[PDB]
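Student: Structure provided below as structure tokens; questions to follow.
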Amino acid sequence: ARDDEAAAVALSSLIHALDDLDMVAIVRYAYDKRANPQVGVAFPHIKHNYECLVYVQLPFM
Amino acid sequence: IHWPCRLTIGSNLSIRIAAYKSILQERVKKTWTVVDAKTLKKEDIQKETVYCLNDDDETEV
Amino acid sequence: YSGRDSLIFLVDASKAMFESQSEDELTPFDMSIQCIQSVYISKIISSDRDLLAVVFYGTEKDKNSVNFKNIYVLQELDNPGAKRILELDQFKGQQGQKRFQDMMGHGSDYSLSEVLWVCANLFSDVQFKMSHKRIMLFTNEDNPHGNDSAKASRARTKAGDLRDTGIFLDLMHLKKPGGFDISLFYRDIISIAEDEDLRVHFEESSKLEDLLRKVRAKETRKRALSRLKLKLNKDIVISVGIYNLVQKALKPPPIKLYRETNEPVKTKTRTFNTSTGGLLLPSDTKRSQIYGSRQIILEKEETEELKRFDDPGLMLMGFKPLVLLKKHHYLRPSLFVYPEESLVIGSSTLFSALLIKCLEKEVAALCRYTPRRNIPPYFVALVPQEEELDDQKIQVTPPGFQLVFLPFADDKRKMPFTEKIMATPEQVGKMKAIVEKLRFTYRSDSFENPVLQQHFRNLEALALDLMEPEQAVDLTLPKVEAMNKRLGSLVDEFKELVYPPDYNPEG
Amino acid sequence: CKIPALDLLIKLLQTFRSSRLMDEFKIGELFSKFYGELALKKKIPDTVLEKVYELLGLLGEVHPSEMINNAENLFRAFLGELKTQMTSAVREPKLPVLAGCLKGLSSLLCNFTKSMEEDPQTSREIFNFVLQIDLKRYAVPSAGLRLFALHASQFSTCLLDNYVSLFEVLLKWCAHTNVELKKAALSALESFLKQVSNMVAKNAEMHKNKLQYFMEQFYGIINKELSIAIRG
DNA sequence: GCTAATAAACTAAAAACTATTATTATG
DNA sequence: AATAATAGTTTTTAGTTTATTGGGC
């Protein structure tokens, strides 16, 4: 989120570490009170003007 | 619409974030209205639900 | 379809099964009956459409229509019902055990031919097609009918007989001081293709854990989602099967049922002329959409011809390198296509050839896809997925083509993103160290839906009238204290490395 | 609502064919209720259940005015669904059971209504007129033939066109197999010929179609055809 | 101070995959 | 006087409804 440039630098370091290590982050997402929390995969997306992580939902057994 | 929240890491780190459903499915933003064939209005067009008695009857439940 | 499943459960109604090596341990009767509860619960969760039965032997009574002594049927092959579960629970535990032993005999001589007879008859009664003539029993002795050579002979004769009729049987090891004496009397009478001749297994040694464990999946059968055709060149057209190896779950439909009867009410909902209180007609329906001044009126077949673009099918658009797709161009969950020869025979040869070639080519198959009638076509890519095996040569990945979906231009929603920000390599090293601290080898099936699981707990506890709904454990909760101890001070080290120590990440 | 229900419908149908004005009066209530259950726009019922139209095809009573006041509504619904049916744009010019059901319904109900007074007459003529290919003894063409034959008069003043095509289609249909289809075509033939003779007799243009249409084919008739030609 | 996305739950909706059978042929 | 083409069985699946933060002054 904007106005937290320290969080921006932290996110950038996260992205760089993911690139170097070829890691992908397993995460738990809960949209709101009445949306079911669920599991997805987060991987970085990098463009010259922005680096970002991309969340994709994942299934259960 | 973005998702301004705070990603929690372990037990001591939190990062304000802004998610975006950048890729999305395609669906019409204008629904279809079934108006009357004569008045061309839906005001006379409304549903009547009947939970007809599941026994040897037809009274709405 | 290819058949259904059939299985019966047999229990030695004898005092040797109501005892234990140390009575603090469960009696074989008690462990067996609770395992049956577990199995039936698993069936109700998963495949209650199958038919399940229970019969006794050794009890000093018999209920079989055969009327052979000590052969007391409990239940016929029936779909697992809560009533059956309660019938089991009234005698489960080592007090209902005593109540059973009171109202029901326990411990007497008999021949195995009798129980084999009655179970064969029970299988013969059901008219449906069963793909598995499975037989289950619970005992840890092989001597009492090997004690009499005539009993042993007839038992093994009938065992070979039922094997001839394709009947399958299995026994779990039960807790005995002596044991069922592996291969003393059960190495040919039992239809086995494996070997465990390492211990008479006086102790229990079996898959009972999985039998007593409860899976929460439906595991529906294998169905061809579609046999839709590829329009290669509009002349050569191929038949292929459509499948997914994963399906987003759901909840059972809410059966609306009447209050003082619990009876689901047949319900009819319809529109009507609200202006006069009259009843409308399907012709009365006029589809409409208002834009500014004019409201525009259309019909149903009009509403589908605008949706009509081309026949249901696959239209090959060309070849594209696999690398030319970035994973952030993701869409609805990917599908898979398998070759088939139901109409287009020889097409599987083509499928194999193209699979191998584009695997060497390292390119995807770009196609134009119409699922169904009056459906627009869409851009789709076919990555060649290779048949992947294991030590057991099991298709951990089957052959064919994984179906992925190409988002369109409108699908993109470019955010008002800000600039790009870098970070120092020391922070990157901090992150690498932290990742290795909290490294976790991925495993797909290590997770379920806590909402799904808890709603189950509610459902089966409700039907079972439990002292509480089961406390479903959420695997998706990260063990926060475990990561704290697994990281140490690296958290705050990197925090002060990046975050201004005065400035908390909290506003 | 299945073979049980269908057999029940068949039973009460044959009852009304037998029973005539002894207790044929506790039907108007039932007539309204079948209109309502037909007004259940849910697509749950099977096409076989659409034999319900023969149910509403009614001739066992005087049909009090309310029957008429709903009959036109029924008719319009059937016309709309037919407009849906023939449009091969849905890939379907198909209506497997529907055709005979609505045929019988309009057979029993046109007895009370719909003389030549308006365009709707010509409209229903046309929807019948579209009668391509069928299967399994080709019941739908026979249904159309009976339907037209019973109410040929209610089709006058709009049969004066396409007579060449109508005529030859009739000839081939009776020439075709499925002797039920043959006799249906025969009946439709005689009804058509009588009606056109009646209109021609009262014309002033009778000479045109007379000398331009008839003696040539009548000569050209020279199996069963001749006999019909004899009447012709 | 006003009332816009929104995923969730809820409908209908079409195909798979049934098992069944009116057919013509033929005596 | 026989064989044949043809039914909903579920099962996904794709519009609907709602009760949800949001821009306003």
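Ligands are numbered from 1 in the order shown, residues from 1 within each chain, and chains are lettered A, B, ... in the order they appear in the structure tokens.
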Hey, could you make a per-residue contact list for chain B against chain D with 12 Å as the cut-off, showing the nearest pair of atoms and its distance in Å to one decimal, counting only C-alpha atoms, sorted by chain and number, as JSON lines?
Tutor:
{"residue": "B:37", "atom": "CA", "partner": "D:80", "partner_atom": "CA", "distance": 12.0}
{"residue": "B:47", "atom": "CA", "partner": "D:40", "partner_atom": "CA", "distance": 11.4}
{"residue": "B:48", "atom": "CA", "partner": "D:40", "partner_atom": "CA", "distance": 10.7}
{"residue": "B:49", "atom": "CA", "partner": "D:40", "partner_atom": "CA", "distance": 10.7}
{"residue": "B:50", "atom": "CA", "partner": "D:40", "partner_atom": "CA", "distance": 10.8}
{"residue": "B:52", "atom": "CA", "partner": "D:37", "partner_atom": "CA", "distance": 11.8}
{"residue": "B:58", "atom": "CA", "partner": "D:33", "partner_atom": "CA", "distance": 11.2}
Student: Can you spit out the residues from that selection as a compact mmCIF listing (two decimals), in the first residue's frame, using C-alpha atoms?
Tutor:
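The result, written out as again.txt:
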# COMPACT_ATOMS: atom_id res chain seq x y z
CA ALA B 37 -45.18 -8.50 -24.27
CA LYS B 47 -43.03 -13.95 -9.61
CA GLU B 48 -45.44 -16.00 -7.53
CA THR B 49 -43.76 -18.87 -5.70
CA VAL B 50 -45.82 -21.84 -4.55
CA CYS B 52 -47.41 -26.80 -3.08
CA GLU B 58 -51.10 -28.45 -3.57
Student: Residues within 8 Å of region 23-29 of chain B, please, as number ranges by chain. Count only C-alpha atoms (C1' of nucleotides); anything in the same chain fewer than 5 positions from it doesn't count.
Tutor: C: 329-332, 407, 410-413
Student: So that I can see what lies close to residue 16 (chain B), please list as a PDB file with N, CA, C and O atoms, in the first residue's frame the residues with an atom at most 10 Å from it, counting only C-alpha atoms (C1' of nucleotides) and leaving out residues fewer than 5 positions away in the same chain.
Tutor:
ATOM      1  N   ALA A   1       0.828  -1.195   0.000  1.00  0.00           N
ATOM      2  CA  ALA A   1       0.000   0.000   0.000  1.00  0.00           C
ATOM      3  C   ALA A   1       0.869   1.254   0.000  1.00  0.00           C
ATOM      4  O   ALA A   1       2.002   1.255   0.488  1.00  0.00           O
ATOM      5  N   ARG A   2       0.322   2.327  -0.564  1.00  0.00           N
ATOM      6  CA  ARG A   2       1.067   3.565  -0.722  1.00  0.00           C
ATOM      7  C   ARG A   2       1.324   4.216   0.636  1.00  0.00           C
ATOM      8  O   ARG A   2       0.727   3.853   1.654  1.00  0.00           O
ATOM      9  N   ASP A   3       2.251   5.175   0.639  1.00  0.00           N
ATOM     10  CA  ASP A   3       2.684   5.968   1.787  1.00  0.00           C
ATOM     11  C   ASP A   3       3.504   5.167   2.789  1.00  0.00           C
ATOM     12  O   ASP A   3       3.932   5.730   3.803  1.00  0.00           O
ATOM     13  N   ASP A   4       3.740   3.880   2.549  1.00  0.00           N
ATOM     14  CA  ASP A   4       4.674   3.088   3.346  1.00  0.00           C
ATOM     15  C   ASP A   4       5.811   2.695   2.413  1.00  0.00           C
ATOM     16  O   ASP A   4       5.828   1.599   1.847  1.00  0.00           O
ATOM     17  N   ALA A   7       7.686  -0.298   3.612  1.00  0.00           N
ATOM     18  CA  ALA A   7       7.046  -1.517   3.135  1.00  0.00           C
ATOM     19  C   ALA A   7       7.321  -1.740   1.656  1.00  0.00           C
ATOM     20  O   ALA A   7       7.427  -2.888   1.213  1.00  0.00           O
ATOM     21  N   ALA A   8       7.442  -0.663   0.879  1.00  0.00           N
ATOM     22  CA  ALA A   8       7.788  -0.805  -0.531  1.00  0.00           C
ATOM     23  C   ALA A   8       9.174  -1.414  -0.701  1.00  0.00           C
ATOM     24  O   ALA A   8       9.368  -2.320  -1.521  1.00  0.00           O
TER      25      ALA A   8
ATOM     26  N   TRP B   3      -7.658  -3.926  -2.660  1.00  0.00           N
ATOM     27  CA  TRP B   3      -7.816  -4.657  -1.405  1.00  0.00           C
ATOM     28  C   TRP B   3      -6.779  -4.133  -0.420  1.00  0.00           C
ATOM     29  O   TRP B   3      -5.759  -4.792  -0.164  1.00  0.00           O
ATOM     30  N   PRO B   4      -6.999  -2.949   0.146  1.00  0.00           N
ATOM     31  CA  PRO B   4      -6.034  -2.409   1.110  1.00  0.00           C
ATOM     32  C   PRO B   4      -6.100  -3.132   2.443  1.00  0.00           C
ATOM     33  O   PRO B   4      -7.029  -2.924   3.230  1.00  0.00           O
ATOM     34  N   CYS B   5      -5.111  -3.978   2.710  1.00  0.00           N
ATOM     35  CA  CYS B   5      -5.069  -4.755   3.940  1.00  0.00           C
ATOM     36  C   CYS B   5      -3.629  -4.777   4.434  1.00  0.00           C
ATOM     37  O   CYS B   5      -2.761  -4.069   3.914  1.00  0.00           O
ATOM     38  N   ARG B   6      -3.371  -5.600   5.447  1.00  0.00           N
ATOM     39  CA  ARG B   6      -2.050  -5.701   6.063  1.00  0.00           C
ATOM     40  C   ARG B   6      -1.641  -7.169   6.087  1.00  0.00           C
ATOM     41  O   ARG B   6      -2.122  -7.941   6.923  1.00  0.00           O
ATOM     42  N   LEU B   7      -0.765  -7.556   5.163  1.00  0.00           N
ATOM     43  CA  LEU B   7      -0.158  -8.877   5.220  1.00  0.00           C
ATOM     44  C   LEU B   7       0.618  -9.051   6.514  1.00  0.00           C
ATOM     45  O   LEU B   7       1.493  -8.247   6.838  1.00  0.00           O
ATOM     46  N   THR B   8       0.306 -10.114   7.246  1.00  0.00           N
ATOM     47  CA  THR B   8       1.009 -10.449   8.475  1.00  0.00           C
ATOM     48  C   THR B   8       2.031 -11.536   8.184  1.00  0.00           C
ATOM     49  O   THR B   8       1.712 -12.540   7.539  1.00  0.00           O
TER      50      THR B   8
ATOM     51  N   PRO C 505       5.295  -0.331  11.073  1.00  0.00           N
ATOM     52  CA  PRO C 505       4.538  -0.507   9.827  1.00  0.00           C
ATOM     53  C   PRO C 505       3.060  -0.203  10.006  1.00  0.00           C
ATOM     54  O   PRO C 505       2.289  -0.273   9.046  1.00  0.00           O
ATOM     55  N   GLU C 506       2.653   0.121  11.229  1.00  0.00           N
ATOM     56  CA  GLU C 506       1.278   0.486  11.531  1.00  0.00           C
ATOM     57  C   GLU C 506       1.144   2.002  11.515  1.00  0.00           C
ATOM     58  O   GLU C 506       1.949   2.707  12.130  1.00  0.00           O
ATOM     59  N   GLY C 507       0.130   2.495  10.813  1.00  0.00           N
ATOM     60  CA  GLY C 507      -0.140   3.918  10.761  1.00  0.00           C
ATOM     61  C   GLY C 507      -0.738   4.452  12.047  1.00  0.00           C
ATOM     62  O   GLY C 507      -0.804   3.753  13.058  1.00  0.00           O
TER      63      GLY C 507
END
Student: With 10 Å as the cut-off and only C-alpha atoms (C1' of nucleotides) counted, what is the closest atom pair between each nearby residue of chain C and chain F? Distances in Å to one decimal, ordered by chain and number, as a tab-separated table.
Tutor:
residue	atom	partner	partner_atom	distance
C:220	CA	F:11	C1'	10.0
C:223	CA	F:11	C1'	9.3
C:225	CA	F:12	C1'	8.3
C:247	CA	F:12	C1'	9.6
Student: Using only C-alpha atoms (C1' of nucleotides), I'd like a table of the residues in chain D that come within 10 Å of chain E; for each, show the closest atom pair and its distance in Å rounded to one decimal, ordered by chain and ascending number, as JSON lines.
Tutor:
{"residue": "D:42", "atom": "CA", "partner": "E:12", "partner_atom": "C1'", "distance": 9.0}
{"residue": "D:43", "atom": "CA", "partner": "E:12", "partner_atom": "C1'", "distance": 9.4}
{"residue": "D:136", "atom": "CA", "partner": "E:23", "partner_atom": "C1'", "distance": 7.2}
{"residue": "D:137", "atom": "CA", "partner": "E:23", "partner_atom": "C1'", "distance": 8.7}
Student: Could you turn the residues from that selection into a file that holds C-alpha atoms, as a JSON list (two decimals), in the first residue's frame?
Tutor:
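The resulting file, again01.json, is shown below:
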[["chain", "number", "residue", "atom", "x", "y", "z"],
["D", 42, "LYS", "CA", -40.39, -24.48, -16.01],
["D", 43, "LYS", "CA", -38.77, -26.71, -18.63],
["D", 136, "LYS", "CA", -39.82, -43.42, -37.54],
["D", 137, "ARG", "CA", -42.94, -43.64, -39.71]]
Student: Counting only C-alpha atoms (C1' of nucleotides), which residues from chain C have an atom at most 12 Å from any atom of chain E, and could you show them as a VMD selection string?
Tutor: chain C and resid 1 to 2 222 to 228 242 250 to 254 269 312 371 to 375
Student: For the selection just defined, write its residues with N, CA, C and O atoms to a file, as a compact mmCIF listing (two decimals), in the first residue's frame.
Tutor:
# COMPACT_ATOMS: atom_id res chain seq x y z
N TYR C 1 -19.34 -46.10 -15.92
CA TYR C 1 -19.76 -46.86 -14.75
C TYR C 1 -18.74 -47.93 -14.39
O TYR C 1 -18.02 -47.80 -13.40
N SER C 2 -18.69 -48.98 -15.21
CA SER C 2 -17.76 -50.10 -15.02
C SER C 2 -17.90 -50.72 -13.63
O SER C 2 -16.92 -51.07 -12.98
N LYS C 222 -14.81 -41.43 -12.65
CA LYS C 222 -14.24 -40.81 -13.84
C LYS C 222 -15.30 -40.73 -14.92
O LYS C 222 -15.84 -41.76 -15.35
N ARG C 223 -15.61 -39.51 -15.36
CA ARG C 223 -16.54 -39.29 -16.45
C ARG C 223 -15.88 -38.43 -17.51
O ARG C 223 -15.11 -37.52 -17.21
N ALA C 224 -16.20 -38.73 -18.77
CA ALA C 224 -15.78 -37.87 -19.87
C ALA C 224 -16.59 -36.59 -19.82
O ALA C 224 -17.78 -36.58 -20.14
N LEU C 225 -15.95 -35.50 -19.39
CA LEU C 225 -16.64 -34.22 -19.33
C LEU C 225 -17.16 -33.82 -20.70
O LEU C 225 -18.23 -33.20 -20.81
N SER C 226 -16.43 -34.17 -21.76
CA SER C 226 -16.89 -33.96 -23.12
C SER C 226 -16.03 -34.79 -24.06
O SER C 226 -14.88 -35.10 -23.75
N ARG C 227 -16.61 -35.16 -25.20
CA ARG C 227 -15.89 -35.82 -26.28
C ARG C 227 -15.75 -34.88 -27.47
O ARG C 227 -15.79 -35.31 -28.63
N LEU C 228 -15.57 -33.59 -27.20
CA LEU C 228 -15.71 -32.57 -28.24
C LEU C 228 -14.59 -32.69 -29.27
O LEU C 228 -13.52 -33.24 -29.01
N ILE C 242 -12.36 -34.81 -22.75
CA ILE C 242 -12.16 -33.59 -21.98
C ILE C 242 -12.28 -33.93 -20.50
O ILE C 242 -13.25 -34.56 -20.08
N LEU C 250 -17.86 -27.62 -3.34
CA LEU C 250 -19.16 -26.98 -3.20
C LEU C 250 -19.80 -27.50 -1.92
O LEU C 250 -19.17 -28.21 -1.13
N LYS C 251 -21.07 -27.14 -1.72
CA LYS C 251 -21.82 -27.64 -0.59
C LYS C 251 -23.08 -28.36 -1.07
O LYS C 251 -23.65 -27.99 -2.10
N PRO C 252 -23.52 -29.39 -0.35
CA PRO C 252 -24.74 -30.10 -0.74
C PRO C 252 -25.91 -29.14 -0.80
O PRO C 252 -25.99 -28.19 0.00
N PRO C 253 -26.82 -29.33 -1.74
CA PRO C 253 -27.93 -28.40 -1.90
C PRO C 253 -28.77 -28.34 -0.63
O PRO C 253 -28.96 -29.35 0.05
N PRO C 254 -29.25 -27.16 -0.27
CA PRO C 254 -30.14 -27.07 0.89
C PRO C 254 -31.51 -27.64 0.57
O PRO C 254 -32.30 -27.01 -0.15
N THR C 269 -42.46 -22.09 -8.62
CA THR C 269 -42.35 -20.64 -8.63
C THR C 269 -42.52 -20.15 -10.06
O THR C 269 -41.87 -20.66 -10.98
N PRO C 312 -20.14 -26.11 -31.31
CA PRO C 312 -19.24 -26.57 -30.25
C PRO C 312 -18.07 -27.33 -30.85
O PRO C 312 -18.26 -28.31 -31.58
N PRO C 371 -17.28 -24.23 -26.52
CA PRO C 371 -17.69 -25.37 -25.69
C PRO C 371 -18.98 -26.01 -26.17
O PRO C 371 -19.04 -27.23 -26.39
N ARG C 372 -20.01 -25.19 -26.33
CA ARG C 372 -21.38 -25.66 -26.46
C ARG C 372 -22.11 -24.77 -27.45
O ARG C 372 -21.57 -23.78 -27.96
N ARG C 373 -23.35 -25.15 -27.75
CA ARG C 373 -24.17 -24.40 -28.70
C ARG C 373 -24.38 -22.97 -28.22
O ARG C 373 -24.51 -22.71 -27.02
N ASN C 374 -24.42 -22.04 -29.18
CA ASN C 374 -24.66 -20.62 -28.90
C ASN C 374 -23.66 -20.07 -27.90
O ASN C 374 -23.99 -19.24 -27.05
N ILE C 375 -22.41 -20.52 -28.01
CA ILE C 375 -21.35 -20.02 -27.14
C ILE C 375 -20.29 -19.38 -28.02
O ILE C 375 -19.92 -19.94 -29.06
